[PDB]
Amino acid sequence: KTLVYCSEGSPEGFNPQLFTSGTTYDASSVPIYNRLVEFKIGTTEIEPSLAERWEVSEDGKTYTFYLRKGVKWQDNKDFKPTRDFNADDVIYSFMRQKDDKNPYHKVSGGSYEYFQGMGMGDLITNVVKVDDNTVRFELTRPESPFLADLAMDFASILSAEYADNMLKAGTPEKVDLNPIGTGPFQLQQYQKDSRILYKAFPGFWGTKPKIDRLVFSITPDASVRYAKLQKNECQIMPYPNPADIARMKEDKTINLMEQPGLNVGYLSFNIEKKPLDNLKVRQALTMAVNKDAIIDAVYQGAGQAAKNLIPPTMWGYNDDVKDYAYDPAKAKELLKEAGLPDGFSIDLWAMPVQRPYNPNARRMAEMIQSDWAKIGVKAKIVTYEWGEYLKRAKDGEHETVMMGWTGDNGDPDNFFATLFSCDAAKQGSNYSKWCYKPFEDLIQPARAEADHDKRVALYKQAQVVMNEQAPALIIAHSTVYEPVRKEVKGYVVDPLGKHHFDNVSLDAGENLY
């Protein structure tokens, strides 16, 4: 049986270590690779995966994983494995990211954005082979999110034998170009911006998928995606046009699943660029924007105007945080107070693809542009190919940039630290380039703290500190809609935002209306 998924854009590549977009993860880490541990689908409950069990030392600084035996690696034209998954695969996977003397560290540019943005290098002091089936992580300090971190895409396990061979053959880049995993699907063909083809991996260690061919039809226009869905040219699609939601609910070919998103959409201010280093200017740009008007016009009601980086469904949420008011007059006065009575010009980057937290960045940019103009700020809307967009914003080239997040592990650390820490400003996904000690003073002890109520207290104050400094314009938390042909059984919406096909089957017959 063949399932066709209409994806929203092209993946950036096939080694998940090197990238941060859900687009890439759906095409790489989710189908092809495994992690040591895995969340139960639809939840953030951690379950055994490549590690069948683990122990944690009483001081929390040592994690020992006992690895599943008999796990086969995939094969391709350049690689046939001579051994099964073991500790060396795990050690290669992490040392490549951590160690600049590992031969693969600079391969494909070595942009381990998650690894570096989460400060995993300062945390993980060693990864040790206890024996062929036992690996030990040694940490410099306790880290409550660490187990959840190992369930994330960036911590996918790559093949050390494959890596060995490709290095000896003088073509190490093939590890990143031609993926070899332990997972349920293997990559068969990729035609850039057109299609991805997968077949079920016969030697897969887990429960076999109920489909044996998986096709991604790369389809960036949401209206075209829905047209294909109605024709059953694809059976699943993400990010429907917000205007389409009403007739989709009446569409008897599909089940329209919906849930509150574990996500956020925002506009990052690059505080390295004038005049965005000025606090009153950031507050003025924030107060000029009517967020409720964006929820109405861009999301067509399907979300909530935001004051905090984390959505209401994330624990630690601080409801006592004080929203910036929509007040252009006062925003103009703040600019005057800042010594900018005649405003200024600034660029506003908007991605060209739909995101779970932003269904139409272009249209939203036009609204913010119109809002900013009322206070004398002239925004220039800029866009890039999705992969290039992320790369250049990571390089700090933007002045302001539209951005967002679906949580990866259910933990507040994965929002506050991964998006707004100093580590993330230097080498991660903090495109505000904001590095602020009183923030660090909260989010860093919060990771090390094991007491849940104490973690809640620290994150609540991190929201206060962040709101006071306005390093980003926090716009929305959005409703998630996932249209699925009724012929599809077994599909489960992921609050962590990836799309999983290893669990789905297709009915015998089909609806032709």
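Residue positions are given as counts along the sequence shown, with the first one as 1.
In this entry, 70 to 78 shows the higher mean Cα temperature factor of the pair 70 to 78 and 173 to 181. With 300 to 308 and 203 to 211 compared on mean CA B-factor from the PDB entry, the stretch scoring higher is 203 to 211. Out of 356, 117, 220, 110, it is 110 whose C-alpha atom has the highest B-factor in the PDB entry. The entry lists C-alpha B-factors for 83, 228, 392, 380, and the highest of these is at 83. Sorting the modelled residues of the chain by their CA temperature factor places residue 61 in the highest third. Residue 28 sits in the middle third of its chain by CA B factor, as recorded in the PDB entry.
Ranked by C-alpha B-factor against the other modelled residues of its chain, residue 483 falls in the lowest third. Among all modelled residues in its chain, residue 438 ranks in the highest third by Cα B-factor. For residue 398, the recorded CA B-factor ranks within the lowest third of the chain. Only modelled residues enter the ranking.
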